[PDB]
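First, one chain by itself: the form deposited in one PDB entry, in C-alpha cells.
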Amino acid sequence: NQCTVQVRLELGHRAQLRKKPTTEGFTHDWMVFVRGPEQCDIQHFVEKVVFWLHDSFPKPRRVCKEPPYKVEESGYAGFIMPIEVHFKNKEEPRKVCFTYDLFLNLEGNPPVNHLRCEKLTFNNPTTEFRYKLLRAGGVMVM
C-alpha cells in the first residue's frame, strides 16, 4: 500500500567569544548538533551524522554514530559545514545532506544560539525502515 512518513530533525549551533582567546588565537567556542524534537529518538532511523568541518581543521570528517550528534570546537571564523545524516535505510534515500551556516558572533554581539528545523518526508518506505521512522516518533501523512 501507499504511505508517506514525516520525521523532524533539528540542526543548530551555539557560538560565544572566549573571555580570552586561546594560544592559537581561537576567539570562539562553538558547538553544532543534530537532534530530534522532545521525546523522539532519531537514533532508530539515523545510522550516523558526519560533520564536514573547514579544511583548516585537522580530521575535519567528524562522525557521530550515536547521540549526541554534535561537534564542540574553538575557532576564529564561521564557515559553511556540510552535514550528512545517514539512515538505517536499505533503499534510497540512504542519507540527506545539509549545508549548515556556522556563523560566529563578532564585535561584542550576544552569543549565537540557532536552530534549523527540517522535515523529512519518506514516500513509501520499506516495511523495515518504516518501523524505524515510526519508533523514532515519525507520523503517517494520509
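The term rigid core refers to the most C-alpha atoms you can superpose between the two forms while keeping them within 1.5 Å. Shifts are known only where both forms have a C-alpha. Don't overthink the numbering: it's just position in the shown sequence, from 1.
Beyond what is shown, the protein has a form deposited in another entry; the following relates to that form.
The residue that stands out in 89, 27, 43, 105 is 105, the single one whose Cα moves by 2 angstroms or more between this form and the one not shown on a rigid core fit. Note: residue 114-residue 106 Cα separation is 3 Å or more shorter in the other form than here. In summary, the C-alpha positions of residue 107 and residue 83 converge in the other form, ending up at least 3 angstroms nearer each other than in this conformation. Residue range 105 to 112 is the only run of 3 or more whose C-alphas all shift by 2 angstroms or more between this form and the one not shown once the rigid core is superposed.
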